[PDB]
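Summary of structural features
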Amino acid sequence: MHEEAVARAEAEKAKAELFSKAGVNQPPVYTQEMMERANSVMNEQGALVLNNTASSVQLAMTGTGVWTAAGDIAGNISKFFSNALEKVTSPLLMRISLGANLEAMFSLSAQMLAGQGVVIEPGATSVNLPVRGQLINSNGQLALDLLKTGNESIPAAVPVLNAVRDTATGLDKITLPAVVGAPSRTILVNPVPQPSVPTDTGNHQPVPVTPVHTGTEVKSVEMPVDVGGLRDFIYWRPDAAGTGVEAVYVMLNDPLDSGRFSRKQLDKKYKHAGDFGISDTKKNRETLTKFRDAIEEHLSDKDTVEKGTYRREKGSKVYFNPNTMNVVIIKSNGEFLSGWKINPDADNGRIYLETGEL
Amino acid sequence: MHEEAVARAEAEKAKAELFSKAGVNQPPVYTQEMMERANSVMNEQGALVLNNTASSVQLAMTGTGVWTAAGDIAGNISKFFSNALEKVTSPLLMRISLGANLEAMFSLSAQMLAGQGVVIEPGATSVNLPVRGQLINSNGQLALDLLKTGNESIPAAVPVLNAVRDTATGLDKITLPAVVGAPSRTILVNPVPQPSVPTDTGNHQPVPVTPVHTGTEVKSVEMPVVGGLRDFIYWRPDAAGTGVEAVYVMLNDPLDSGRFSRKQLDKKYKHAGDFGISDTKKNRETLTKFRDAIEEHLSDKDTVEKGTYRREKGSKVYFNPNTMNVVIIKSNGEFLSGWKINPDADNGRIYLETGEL
């Protein structure tokens, strides 16, 4: 008698013990009120959401939702062990375009990136990965840089984080520490598996709905070609059966690669940083962050105004400050292009002040 | 107090009620032994398995496993969207190659193919669809024919089926009726969501592991261009696990089986008289007679491999010394042709004496 009850109790004990070590709570059920609060919070403009869709690859971008891949058609994995064949032998192992203000987050199963002979176990506070990842902006593209770990490069240790369940929304929250160039980062977790949106019918009960990626196609192409740019981590979610757990490796954009800015462009234009009050001549994370922040201070100044255009970049907008006399050029796609101080006593500066043509 | 307990009880009531209408049982938990029993049944040679991976597209083939796609990267969704538009106006609306004996099963969400503004409701015993699909063999390809329904082609009604839980394995079973040309068809259902195989570690509990598709890339390409329809709808739990989703499932035409295709049987039916078939009309019934007669030849104990057909490199010829018939099988296993040897003719005498057909 009760063989089924015994098996269920045994499953429940094993699940509770695994979840405890992994920092995992089973998804809740959602009242109407909860689901509304959860949907409000995930639809904020700067929200980054992880879905607990098991065994999935995800790419999230602020303002445009989450792209999900699951199944064998998630052979995207193999660019992630081709790389892992390649560390046998240059710290940048591989750059992968994902497609053509703005933050981004890429995540996939951590176990497929684990070290030689390694099984990642719940309870660990860090995991040594032979390859770490970083999202960057490379010439219009969102790209993933795969970096060989070791010593002379970037450490192998990746921190394991635990999410906090918000009892008001039924969502989870992971928080990343502040770094040079960026405040603490909140990442939302939708604990309900959601490979796509359920149709809003009587066949489903209320759940939060993660905004789904729309717009440009996500497609991985290998592109021809420091540790402060790394905000990557591992967290645990329930497995597909829902009774065990799986580790997920998560990678965020470099603080300096944000759509409006890229480290590449800041470096290219650092020659102008003296016009924004920066004396440093060395180019490093610290001074490029100074330059990025100086451009943001110029654009945020209440007396900075849109004034004219930069002929060479069709549809660019120029933002002028009448006190510092600085201009900053923004391309039509929103990318920072360049900036410098206007000389009002020179021909070209006089033409700009008079006509707006920079 | 107990606000969470009340919400959970209400969720459980709603789930049981929806599951009841849909014929759905929640997945079980598995002892080690149940998992081994389930894995043994799914590895039987002719097994066709559906996975209850929610909101997924799947392609299953005997002996090669299940291919799964879920997420946005289910873009072939729009294949079925495009035809649902093309239906405003030819019965055949599209033919989709899936890539280059052997049976096959293709499944996706049934709401994708319902009418616009149509919601499929649990409890229905059939569903009227504006398209139905058929799996075929077209020129080495496994392909999907999407057919407009209506008076002018094929009916719209698709049966809704319920799966039976096997308490010994923890798997479900769906059965399709026998038809002209095929016996009853057993379809296994792995009720545990499984977009891919869990790595066998201490982080997972025992569950049935469905064999996964290896081999040829599964890619969808449009191709230039009835008792062949064994399609149905069944329900599985949704991604949250607390509601249900309808799945539309299509099997291969009984005459399209890798070894045979309706197209090749039609092409070679001129030889059916050598296999004892007097009918001159070509239809499902007589093409099935021909298919069955070729199978009777290949199954005959006296039939032996003998020589080759050089015109098709690597082919094998199967000869029966009582009927004097030959059947030619291509190296990929496709039936090519067959006919009766005339031993008093030059080429028949050459074949008997040298194996050169």
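Residues numbered from 1 in each chain as written, not as in the entry; some residues may be left out. Chains lettered and ligands numbered in written order. Heavy atoms only, no water.

This entry lists X-ray crystallography as its structure determination method and reports a resolution of 1.850 Å.

If you check the PDB entry, chain B appears there as Colicin-D from Escherichia coli. The title assigned to this entry in its PDB record is "Colicin D Central Domain and C-terminal tRNase domain". The Sequence similarities comment attached to chain B in UniProt states, word for word, "Belongs to the cloacin colicin family." (UniProt positions renumbered as here; feature names shortened; annotations may be inferred.)

The PDB entry lists chain A under the name Colicin-D, from Escherichia coli. Here is the UniProt Sequence similarities comment for chain A, exactly as written: "Belongs to the cloacin colicin family."

A count of helices and strands for chain B gives six helices and 19 strands. Looking at chain B as a whole, 48% of its 357 residues are labelled buried. When the accessible area of chain B is evaluated, it comes to approximately 17000 Å², of which 50% is carbon and sulfur surface. (Helix = DSSP H or I, 4+ residues; strand = E, 2+ residues; numbered from the N terminus. Buried < 20%, exposed > 50% of the residue type's maximum accessible area, 1.4 Å probe, protein only. Areas by Shrake-Rupley, 256 points an atom, 1.4 Å probe, with all protein chains shown as cover.)

Here we come to the sheet that holds strand 12 (residues 185-190) of chain A. Residues and elements named next belong to chain A. Strand order in the open sheet formed by four strands is 1-12-11-10, and the pairing between neighbours is mixed. Each having just a single partner strand, strand 1 (49-51) and strand 10 (164-165) make up the two edges of the open sheet. Relative to strand 12, strand 1 is paired through three bridges, and the arrangement is parallel. Looking across to strand 12, one finds that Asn 51 is bridged to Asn 190. (Pairing = 2+ DSSP bridges.)

Residue and element names in this part refer to chain A. For helix 1 (residues 3-22), which comprises 20 residues, the first-to-last C-alpha distance of 29 Å matches the rise-based estimate of 28 Å (1.5 Å per residue) to within 8%. Where helix 1 is buried, its residues contact strand 14 (233-238) and strand 15 (245-252). Immediately beyond the C-terminal end of helix 1, within one or two residues, lies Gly 23, with a positive phi of roughly 70°. (Expected span 1.5 Å × (residues − 1). Contact = heavy atoms within 4.5 Å.)

Here the focus is unusual backbone geometry. In this structure, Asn139(A) takes a positive phi of about 50° despite not being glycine. Secondary-structure assignment places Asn139(A) in the loop between strand 7 (131-138) and strand 8 (141-148).

With that settled, the discussion passes to the side chain of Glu245(B). Residue and element names in this part refer to chain B. Along the chain, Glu 245 falls in strand 15 (residues 244-251). One polar contact links the side chain of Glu 245 to the main-chain amide nitrogen of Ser 55, over a distance of 2.7 Å. Side chain to side chain, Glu 245 and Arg 236 meet in a polar contact 2.6 Å long. Excluding its chain neighbours within four sequence positions, the residues that come into contact with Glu 245 are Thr 53, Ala 54, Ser 55, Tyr 234, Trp 235, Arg 236, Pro 237 and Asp 238. (Polar contact = N/O pair within 3.5 Å; in protein donor to acceptor, adjacent residues only side chain to side chain.)

Attention now moves to the pattern of salt bridges. Counted according to the given criterion, the structure contains 31 salt bridges over all chains. When the shortest N-O distance is used, the salt bridge between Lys282(B) and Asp266(B) registers 2.8 Å. Placement of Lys282(B) in the loop between helix 4 (262-267) and helix 5 (284-299) and of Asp266(B) in helix 4 is noted, with a sequence separation of 16 residues between them. Three or more residues are tied together by salt bridges with common partners; here these are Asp226(A), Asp254(A), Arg263(A) and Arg285(A). (Salt bridge = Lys/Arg side-chain N within 4 Å of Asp/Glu carboxyl O.)

Once that is clear, we can look at the side chain of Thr169(B). Structurally, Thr169(B) can be placed in the loop between strand 10 (164-165) and strand 11 (172-176). Take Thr169(B): its relative accessible area is 7%, and that puts it in the buried class.

Glancing now at the pairing of strand 8 of chain A. Residues and elements named next belong to chain A. Counting buried positions along strand 8 gives six out of eight residues, so the element sits mostly inside the fold. Here strand 4 (residues 92-99) pairs with strand 8 via six bridges, running antiparallel. Residue pairing in the sheet places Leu 92 in a bridge with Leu 147 of strand 8. In this structure, strand 7 lies alongside strand 8, joined through eight bridges in antiparallel fashion. By the bridge assignment, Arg 132 is partnered in strand 8 with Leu 147.

This paragraph deals with the sheet that holds strand 3 (residues 65-71) of chain B. Sheets are built from strands paired through backbone hydrogen bonds, the pairs being either parallel or antiparallel. Across the sheet, ten strands lie side by side as 14(A)-15(A)-5(A)-2(A)-3(A)-3(B)-2(B)-5(B)-15(B)-14(B); this open sheet has antiparallel pairing. Each edge of the sheet is formed by a strand with only one pairing partner; in this case those strands are strand 14 of chain A together with strand 14 (231-237) of chain B. Averaged over neighbouring strand pairs, the angle between their axes works out to 20° when direction is ignored. One ladder, built from seven bridges, connects strand 14 of chain B with strand 15 of chain B; its direction is antiparallel. Following the sheet pairing, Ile233(B) is matched in strand 15 of chain B by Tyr248(B). (Axes fitted to C-alpha atoms, helices over the stretch in contact; angles between N-to-C directions.)

To continue, consider the interface of chain A and chain B. Each side of the interface is counted separately: chain A has 44 residues, and chain B has 41 residues. Of the roughly 3200 Å² buried between chain A and chain B, counting both surfaces, carbon and sulfur atoms make up 58%. On the chain A side of the interface with chain B, the three residues burying the most area are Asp72(A), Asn203(A) and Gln205(A), jointly 22% of the side's total. Inspection of the chain A/chain B interface yields zero salt bridges. In this structure, the connection of chain A to chain B is made through 14 residue pairs in polar contact. For the side of chain A that touches chain B, the class distribution of residues is 25 nonpolar, 15 polar and four charged. As judged from the three bridges shared by strand 3 (residues 65-71) of chain A and strand 3 of chain B, these two strands associate in the antiparallel manner. If you follow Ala69(A) over to strand 3 of chain B, its bridge partner there is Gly71(B). (Buried area = accessible area lost by both parts, 1.4 Å probe. Nonpolar A, V, L, I, M, F, W, Y, C, P; charged D, E, K, R; others polar.)

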